[PDB]
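Read the structure below first, then the notes.
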Amino acid sequence: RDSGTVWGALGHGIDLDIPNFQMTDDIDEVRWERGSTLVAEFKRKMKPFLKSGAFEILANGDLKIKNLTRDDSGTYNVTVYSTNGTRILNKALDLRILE
Ligand SMILES: [Ca+2]
């Protein structure tokens, strides 16, 4: 029920902040999924998945957008997993991009 909302502008930056989360050693897999597509998935076993240069996984397991766009407007979902491969934190935020 407590997802979250954010306001941004197309063509401008924006960082998707995960509520109550800390990308520390305890965190092994941080996936940034949106709808039926991937945006940025970081796995302790290196070899992550960056949708494109338009994104950058911050040091705190955050999402750094280069230039907002239509496809960027919507609800984002983060699934944080531990080193043991278990579910840690599952969040959902609302990223509204003003055109
Ligand atoms: Ca952040």
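Here the entry's author numbering is used: the first residue of the sequence shown is 1, the next is one more, and so on. For each residue, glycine too, the CB sits at the ideal point set by N, CA and C.
The beta carbons of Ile65 and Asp72 sit closer together than 8 Å. Its chain contains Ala40 as the residues whose beta carbon lies nearer than 7 Å to that of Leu50, once the 5 sequence neighbours on both sides are disregarded; these appear in chain order. Around the beta carbon of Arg34, 16 or more other beta carbons lie within 10 angstroms, which makes this residue buried.
Nearest neighbour of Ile14 by Cα position, chosen from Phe55, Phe42, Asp2, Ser36, turns out to be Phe55. The C-beta distance from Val30 to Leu93 rounds to 14 Å, too long to meet the 8 Å contact threshold.
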